[PDB]
Amino acid sequence: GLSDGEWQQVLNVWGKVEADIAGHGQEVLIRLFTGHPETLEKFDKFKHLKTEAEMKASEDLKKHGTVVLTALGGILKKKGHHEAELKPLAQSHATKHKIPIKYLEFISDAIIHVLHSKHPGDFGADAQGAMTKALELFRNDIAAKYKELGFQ
Ligand code: HEM
């Protein structure tokens, strides 16, 4: 649950992402894959990537980064009223991709890391607080659907 002022911070930060969605999406996935190499094994189309240089050179990884952040941005713009947008993603990630909630924690922290890396000194403590709360809400509502499905 976020206040109006917190949502305003989230959507202000998101403007930074929308200026370069592919570059942000690429770096988020690279941070996930290099920090948590077990996550790469869930992607049949990226498991061939052995080095970060190959990851950086992969145009399909940048494409998928655009898909991921476009979906997340659509959810964030609903300011919590995201049941219709979130349900299909919860279902596909639990039942088809088999993504444990832990990996959603990993990618949430990766987003925070990338924002500081690309905007050092321009991602203030209030903005980090609000973005963190928004990603916690996203993860918590996914977790509720995971529990319904019995997925661990
Ligand atoms: C912010 C969190 C995430 C968002 C918004 C997101 C979004 C998406 C979307 C929109 C798709 C394509 C449609 C679909 O299959 O539902 C997708 C596919 C997929 N996601 Fe995610 N995802 C997220 C996190 C993760 C994480 C953490 C993992 C694994 C560590 C993951 C694994 C996958 C896989 C394996 C696919 C299929 C890729 C393919 O072969 O095309 N997702 N995701």
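Residues: numbered from 1 along the sequence shown. Hydrogens, waters and symmetry mates are skipped; everything else that's a heavy atom, side chains included, is used.
- Heavy-atom contacts from other residues, nucleotides or ligands closer than 6.0 Å to NZ of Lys42 number more than 12.
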Steps toward side chain to side chain contact (heavy atoms under 4.5 Å, CB included) verdict (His64, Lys45): CA-CA 10 Å; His64 197 68; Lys45 67 177 183 187; 3.6 Å; yes

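- Few gaps surround CG on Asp60; more than 12 heavy atoms of other groups in view lie less than 6.0 Å from it.
- No donor-acceptor distance shorter than 3.5 angstrom exists from the side chain of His82 to the backbone of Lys78, with no hydrogens or angles considered.
- The backbone N or O of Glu54 sits nowhere less than 3.5 Å from a side-chain atom of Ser58 that would complete a donor-acceptor pair.
- A distance of 10.5 Å separates CG of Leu29 from OG1 of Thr34, quoted to the nearest 0.5 Å.
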CA sep, side-chain torsions, deciding dist, call: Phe138, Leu76, side chain to side chain contact (heavy atoms under 4.5 Å, CB included): CA-CA 8 Å; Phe138 166 78; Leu76 291 177; 5.8 Å; no

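- Hydrophobic clustering (side-chain heavy atoms under 4.5 Å, transitive across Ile, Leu, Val, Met, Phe, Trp, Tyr) keeps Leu11 apart from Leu135.
- A 4.5 Å side-chain heavy-atom check between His116 and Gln128 finds at least one atom pair inside the cut-off.
- Contact check on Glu148 versus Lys145 returns no salt bridge, with no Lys/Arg side-chain nitrogen under 4.0 Å from an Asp/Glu carboxylate oxygen.
- For the pair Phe33 and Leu61, the minimum side-chain heavy-atom distance is below 4.5 Å.
- Using a 4.5 Å heavy-atom cutoff, the side chains of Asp141 and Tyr146 are not in contact.
- A salt bridge does not link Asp109 with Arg31: every distance from a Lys NZ or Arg NE/NH1/NH2 to an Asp or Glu carboxylate oxygen is 4.0 Å or more.
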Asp122 vs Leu115, side chain to side chain contact (heavy atoms under 4.5 Å, CB included): CA-CA, chis, key distance, verdict: CA-CA 9 Å; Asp122 196 36; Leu115 288 169; over 6 Å; no

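- Within the 4.5 Å cutoff, the side chain of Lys79 has no heavy atoms near those of the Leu2 side chain.
- Ring geometry for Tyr103 versus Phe106: interplanar angle under 30°, hence parallel rather than tilted (30 to 60°).
- Interatomic distance, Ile111 CD1 to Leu69 CG, rounded to the nearest 0.5 Å: 6.0 Å.
- A salt bridge links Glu52 with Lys56: the distance from a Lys NZ or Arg NE/NH1/NH2 to an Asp or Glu carboxylate oxygen falls below 4.0 Å.
- Side-chain contact between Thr51 and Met55: absent, with no pair of heavy atoms (C-beta onward) separated by less than 4.5 Å.
- Contact check for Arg139 versus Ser108: side-chain heavy atoms found under the 4.5 Å cut-off.
- The number of heavy-atom neighbours closer than 6.0 Å to NE2 of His36, taken from other residues, nucleotides and ligands shown, is above 12.
- The side-chain heavy atoms of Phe151 and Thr95, taken from C-beta on, include no pair separated by under 4.5 Å.
- The distance from atom NE2 of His81 to atom CD1 of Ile75, rounded to the nearest 0.5 Å, is 14.5 Å.
- Test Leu72, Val114, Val17 against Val28 for side chain to side chain contact (heavy atoms under 4.5 Å, CB included) and you get one pass: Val114.
- Side-chain atoms of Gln26 do not come within 3.5 Å of backbone N or O of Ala22 as any donor-acceptor pair.
- Contact check for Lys118 versus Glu27: side-chain heavy atoms found under the 4.5 Å cut-off.
- Separation of atoms OG1 (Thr39) and CG (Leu104) is listed at 11.0 Å; rounding is to 0.5 Å.
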Stepwise side chain to side chain contact (heavy atoms under 4.5 Å, CB included) test for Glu38 and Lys102: CA-CA 11 Å; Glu38 72 272 32; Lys102 188 84 195 175; over 6 Å; no

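- A 6.0 Å sphere centred on CD of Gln8 holds no more than 12 heavy atoms belonging to other residues, nucleotides or ligands.
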